[PDB]
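Each chain carries a letter (A, B, C, D, E, F, G and H) given by its place in the written order, and its residues are counted from 1.
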Amino acid sequence: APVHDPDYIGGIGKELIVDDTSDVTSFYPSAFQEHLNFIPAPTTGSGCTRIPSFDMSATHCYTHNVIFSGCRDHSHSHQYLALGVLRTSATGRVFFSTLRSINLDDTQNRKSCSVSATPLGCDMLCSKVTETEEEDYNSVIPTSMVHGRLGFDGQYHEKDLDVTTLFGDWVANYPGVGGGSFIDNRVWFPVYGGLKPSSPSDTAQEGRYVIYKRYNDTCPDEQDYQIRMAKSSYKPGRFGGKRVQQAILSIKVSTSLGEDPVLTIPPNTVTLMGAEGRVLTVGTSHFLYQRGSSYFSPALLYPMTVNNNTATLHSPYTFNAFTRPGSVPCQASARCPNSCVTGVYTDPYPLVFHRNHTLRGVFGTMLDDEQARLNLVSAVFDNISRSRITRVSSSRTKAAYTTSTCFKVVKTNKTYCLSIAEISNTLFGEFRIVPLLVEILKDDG
Amino acid sequence: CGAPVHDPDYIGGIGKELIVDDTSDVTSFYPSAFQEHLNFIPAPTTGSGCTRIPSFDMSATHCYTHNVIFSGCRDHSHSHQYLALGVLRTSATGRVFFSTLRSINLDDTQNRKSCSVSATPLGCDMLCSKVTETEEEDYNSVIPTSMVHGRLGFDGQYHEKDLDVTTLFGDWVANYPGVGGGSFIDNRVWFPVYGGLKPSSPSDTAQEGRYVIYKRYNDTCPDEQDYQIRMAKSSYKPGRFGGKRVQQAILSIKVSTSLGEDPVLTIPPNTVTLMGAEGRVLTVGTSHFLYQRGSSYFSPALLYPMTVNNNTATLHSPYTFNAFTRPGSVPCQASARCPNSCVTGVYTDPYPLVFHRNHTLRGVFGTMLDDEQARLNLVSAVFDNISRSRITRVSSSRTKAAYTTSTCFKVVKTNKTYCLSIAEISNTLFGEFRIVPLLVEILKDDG
Amino acid sequence: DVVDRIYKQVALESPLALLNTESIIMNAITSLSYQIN
Amino acid sequence: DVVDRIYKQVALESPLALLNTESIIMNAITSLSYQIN
Amino acid sequence: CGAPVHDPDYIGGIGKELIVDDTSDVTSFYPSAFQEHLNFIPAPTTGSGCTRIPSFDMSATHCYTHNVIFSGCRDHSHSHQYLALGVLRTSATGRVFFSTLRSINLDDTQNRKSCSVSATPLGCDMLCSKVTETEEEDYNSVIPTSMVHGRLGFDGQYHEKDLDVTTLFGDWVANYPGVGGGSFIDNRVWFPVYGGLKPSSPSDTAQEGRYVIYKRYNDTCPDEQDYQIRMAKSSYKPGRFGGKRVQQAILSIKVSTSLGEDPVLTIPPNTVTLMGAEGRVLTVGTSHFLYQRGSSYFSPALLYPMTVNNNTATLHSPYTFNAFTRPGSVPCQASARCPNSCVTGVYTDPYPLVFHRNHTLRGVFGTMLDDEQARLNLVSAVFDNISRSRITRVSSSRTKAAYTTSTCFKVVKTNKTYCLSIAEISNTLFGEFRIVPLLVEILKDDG
Amino acid sequence: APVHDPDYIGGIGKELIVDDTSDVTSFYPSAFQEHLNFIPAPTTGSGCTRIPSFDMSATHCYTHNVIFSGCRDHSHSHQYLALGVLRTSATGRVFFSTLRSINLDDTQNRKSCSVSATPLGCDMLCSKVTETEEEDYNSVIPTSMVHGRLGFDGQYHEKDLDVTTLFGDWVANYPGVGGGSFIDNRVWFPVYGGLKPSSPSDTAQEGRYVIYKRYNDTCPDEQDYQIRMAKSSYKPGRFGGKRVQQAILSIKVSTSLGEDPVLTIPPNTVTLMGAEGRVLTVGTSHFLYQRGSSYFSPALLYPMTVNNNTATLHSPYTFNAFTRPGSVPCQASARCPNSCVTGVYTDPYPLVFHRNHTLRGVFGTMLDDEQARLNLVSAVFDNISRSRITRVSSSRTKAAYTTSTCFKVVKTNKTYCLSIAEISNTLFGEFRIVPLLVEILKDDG
Amino acid sequence: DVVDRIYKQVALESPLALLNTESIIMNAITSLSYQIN
Amino acid sequence: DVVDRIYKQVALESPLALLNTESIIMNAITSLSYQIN
């Protein structure tokens, strides 16, 4: 029955910075703080740690993947799940210390995974796939899926899910790799995949769409041109014409794992091509982040709502200057809608608030580049602008994921943000997940 | 949470003579390729902080400590120190992994620099040395070197007391731990110590006009007998520090609730020991050994058999392993033949595996940096008087190294033998300065 | 005569018999330490 | 003479004293694991 | 409160072969006068309630139980039962005393009557028998006798389960414990059992046409060989109960968290055992014994050496002590020579003291009621094949007795040997029916 | 840190039966109840247990003496002190179980002793005397004295007291063997002895006196006859003319034993020849019982008061029908005052109360006989009458002491009284201390 | 020769050496059980 | 022949294995008495 040190007590799962009088981008990250690292690194030049997932409530939940044979051979892999708490050191130094940990080494392959912090432990939603995507989209059956939890007891239990009846309309199905959220007794996982052509869940998603545009730029393309693309986007070429729809799954947290699954596929009127993403609850406000894998790069956060066991997404917040770099003409600066799949997962943690409770600004680490996945940088962002920053490295640095969660310490009253990133460097090493710690500061004063 | 005792799978497997055969050929035993287990020794959180100088020891509890420096591994003037207490476990699928059940990081201003851990019934004992200045400077000092005896308990709390060094160490200009693990024997912790002596002190003059000369197997020195006897004498006062005698010592503090209790230094005759250097006091089964780093002219790995009297230990003519070398600068290099004055070389643990029923040592395991001069290309293998086994390379790239520390246990349930070999490696794949707990399975030939 | 040869046990059976009574006692002690509440 | 056989109790008597003091401890450690409230 | 372990003063002193000498004369060892220690076994609160039928056993924990009857020790129909868990201690001045750290009294309606305690790792185990009717009646029964296996733990809580007697005991008309302590061996409690057998049952017919005849030392029976063989046969079906075979048994329940686990009865051949009676299964050092009360024609104290197979035990030709007698009614009296049918005699424990290195039994300690016929004049002494030591009388008055149970330990610190001998005595000084834990120091002659 | 079972909680140290409408002697003892005996019996025909002392507050304190060589040789003896709690059994049966016990076997002789229950343990006041009384009264020095406590820790500590400065006026000094009482942070012990002729404490007690008479009888003796005796009583012949004055000692209960002794010798205007006795606190009311060792047999209880560290006794309650048997003409029925020493210690526990809070009746076991100490019987008594009864034995029975303490169980609401007696019988044995348990009952209904 | 006679230890020193390692281990276990809080 | 002396290690080697497995336990029981919070 673990829980955080008192200094943190009260400042964990709630709204951090509320100012109207403030100027959001006037907040900036401290240079990178030095704490005790909680994320295991590799024991070998063979195995590599990848695809991190993080969530925190009264407990801090973390999981990542260990592939083998130099980050190849999906066929096999382990999975790491840690359950932990935020502590202050004797000198008051912030550090994360995991109180309970389990590494899944069995022959089965959990591939994508996402963790959530629930009162009963760290819940996890993974998929068991022995094959590549491209083949999985030619699959005549939906993807196998598991739900499991690491109890405070330290014992770990997992219930497999019935993917045929639940997912029947889908050719492939995956967790979003992001964080899962505990809302109204349900664990809410980001999910995605693709679904059978001419299926109840398919047709319902045809003739429904949304086209988002950027701040100062406006697309040259005709609407009979544009609309025909944004149309062409939801069933991108790379994967053969099958439609890829975003989704959210909701299970009940109980001593019985895999209880009462309800899958909510929103309308594509409000939502773009399904990608990886996280679900967040800050205070009373819930959101789904979606990877920029489609034509639109800028950071995406959808305010979401609970209707009983179901869910509905509303008009998403847009953040420019926070951009997944992409292939053309989907790249970081793209104004116009097009069909593509490329991009990267970057967590935009909501930060600055109006008393309105709408969202002034968010903080996360992005990849600064037009096309390639390179040069990770941390900062806070505005509907338009970006703050001063802290670069992860001054040398060439390759990235895959950055997932951020921010918390404040009460007793001292200083705000810090954890942004977990998957980096490839000369100093850090090749495939390495680094729990970067940062503090927030007003500019003048 | 969790119980500070190795999973029963290990009961009977930790801390004993592992492989015992007279007839079999030691070097036919050999390491598997590198295994993948769950990793304990933590890496840094930034591109500044760097982990280094590791120390490890294990009994019923596994103790690990490593230093965390900053500003790109510069500015000694500050650092933290990480001490972890842990257990050897087997997974649900039977996989070996080291899980550390208790840890404390020391962030206070004070700098403990060279530090070594030992596994004692009461916790993890540690012997560090608080030094704000440079080794070169320190040897010019008019005072000894502050030294702490700390411990981490199973209650997860840390304590320590500063040894009174003006008496215990009063004859020394500089006093450091061996960075290699300590060992619990006869109700006391026993740590490696080394440093310089105040010229013409009691403990300095006791050591004058004495020395030891060790020669290699198929190789004999051209140098004139008298020549060597002279240069071999000068080996103990390397020109680096001005020629204060740099001597190997061992300190034994009584392990008890009150730290730093009744410390007694052991300063062996240099008719046995070489020029003092880093090292480890270890026990396998019923016998204890001191490892000395190759910092002097002598290339081959050494274990001086150690016997303990009361508060004092005695050292006997050392074991030697000829294919097991440190690299060194000339004419101290890996191929070094004759005696000489120098300070160079690297810390590589020769953990004993194959034993005679004679209870005499046949062969050892360790990761040696294989190269003549620089410290590069770490490789694990089994070593013997003359020869080394088939090897496991750590990588195919240029990868430098600082320390490697090896200890071998056995999971009894499966009756398979393993070796943990911890390396401080610097690499493209792993990272700039990174500590990797390399795991290996020991195998035979022809099966 | 034909006696020594049955003493091979003192260096054979006997020590191994100690290693057992150790291993089991240790297993006992081990489980017991698992009592941390 | 005759001391040959009389010591062969080395494989009879002592291997017991072991087993006996073994069980004494084991029982005493067992009763202990029951003394935790 | 308090820890259920004998003061360290006793470590190495409890439950072993106490005095071992081949050359010395057993009977030259002998009891001191009666010592004064602090008293454990509690006396009654009224002139009605009366304590009786005591049982004792000790390992690392000391277990004692005695029955509390009412209406002047009449009306079996009701009673309580007192089970105490305790430790051997030494005072500040070094005085020996038994302090009982945990006790429970059983006041529920149910009557456990004949009961015996054993010391097991998990607590004090007890085997009682729930009987509302008379022994004479019970032997006329068409059903077995309800039997409980209870235990008191170190958590001071009591539990029990009724053995299923229609199967286990199905061949018996009446089934009782020996009132003498049980013993823990090979991960099981082993209790003495005795009673009648259903005529012509499987276990009855197995015992027909068989018997044992034991004769005394300097004394030989006049009776014709055939005569004896006949009367010796009839000894097993005493006229008291109508001639159902009254047989000695031992039951072993597995000691575990769940009581009454896997019980297995041992019903030895009557070529070894006499007509069944009260008794105790005891272990001293590496060997185990069964005591049988003298209830048949045989006067001298008996210990059948007991060896345990798996769930079954086997009995070998009994030890005998000729100067150690029960009194008995004729022609069963203390001086009894030949075989005969009868039920008489008394329970007196022969606790083994002097041993051969042969590991064979020389002499024993116990309090015998010294008299031919009635049960009177208890006296403690050391006994031997032929002879008894100098004695310690319990009193100079006419004092009757029911049970005496003796076990001998040694305080190792002082290296002095003691014997606890518990007696149910009836006296002017002590009281009507009173249980007195008599303590004695064992001494030598000529020192 | 022990304490009683809840069923007793609330009913321990407080007033038991309050009725004006009632008739006191209409209450009677149940026959003798059967519980689990807490008082150790002898291990031998040599040693004998004698001189019991009992007290209870939140803890139950008991101590007695073990003499040797067939109840002879004062020279040596042990002392037993038990610390315990009142428990209910599973079937609800009342029993006393001592949770902490210590037997003092050392060469020193604590002779008379009295125990009190204090928040810090069981406090005890004994004397160390190696000689008989008759010789102790020829003593040129006061009697050595000890104060000690059995902690809940089980550890026992004892501080000797300075008898010369404290007791200087006394030739001999002893604890009253009764119970000690905890009042206003002081342990209050009954004490007695005799004091040096012509001493500050002596002369003050000359010319001061009290003469008590019985209910229906009035002495024939002249006052110039009587007054001259009651005079002659305080310095009885047996002991050589030395005056024997009752007394009470008060020590502070603290981690430091033997702290701040203050000895209070009351005036003999209010008090008779000093004897053994107990000090009791029931609810808010305090009392000193005094043995009937002098000319006046009937049960004696003095209401006492605390002035800081000092004490003052008031007019004592009288109970007829409760009579220490005595030698002539001091015997059980004696009307007239005379000088004698004979009698017996019998505890009169206060029971029935007026709302006035004065004392209607008391309960204890007495010895029914004119002269000899024989035939112990339990009952409740009135200023005049006595109840129905329960006899301890129908055979010849010798007694020494009876000390009673009464308590109620709340949960069940039944009142029981423990009367500890020192008996000599054929059934019980020779010198035997038996914790007789009794219940109280209304007569009709 | 002159060898047996130095084996008197196996039945002399040896067993007594077991009794010690028992007694001490037991002392250990004993103290430990004194930990009942 | 020669087996005489070679077993006399009965008074050398094994009396150690005892002392060693002794201390192993003692240390393991000691560390345990430190694990109580």
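Keep in mind that, in the parts below, a contact is a pair of C-beta atoms (placed from the backbone, for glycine too) under 8 Å apart; a residue touches a chain by one contact, two chains touch by 3 or more.
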* Centroid comparison with subunit H (C-alpha atoms), farthest chain -> F
* Structure fact -> By C-beta contact count, B-C versus D-E, the higher one is D-E
* To do: Express in whole angstrom the distance between the two chain centres, defined as the mean CA positions of subunit D and subunit H.
  => 15
* **Length of the line joining the C-alpha centres of subunit A and subunit D, rounded to whole Å** => 62
* Between subunit C and subunit E, what is the gap in Å from one C-alpha centre to the other? -> 36
* Would you mind pulling out the distance in Å between where the CA atoms of subunit E average out and where those of subunit H do? => 40
* Asked: In subunit G, which residues are in touch with two or more of the other chains?
  -> 7, 10, 14, 18-19, 22, 25-26, 29, 31-33, 36
* Asked: Could you list each pair of chains that touch, in label order?
  -> A-B, B-C, B-H, C-D, C-H, D-E, D-G, E-F, E-G, G-H
* **Sites on subunit C touched by subunit H in the complex** => 4, 7, 10-11, 14-15, 18-19, 22, 25-26, 29, 32-33, 36
* Given the complex with subunit G, which residues does subunit D contribute to the contact? -> 3, 7, 9-10, 13-14, 17-18, 21, 24-25, 28-29, 32, 35, 37
* Asked: In their complex, what parts of subunit E are in touch with subunit D?
  -> 3-5, 59-61, 121-123, 153-155, 184, 285-286
* Which residues of subunit H touch subunit B in the complex? -> 16-17, 20, 27-28, 30-31, 34-35, 37
* **subunit E to subunit G touching residues, read off their complex** => 1-6, 8, 11-12, 412
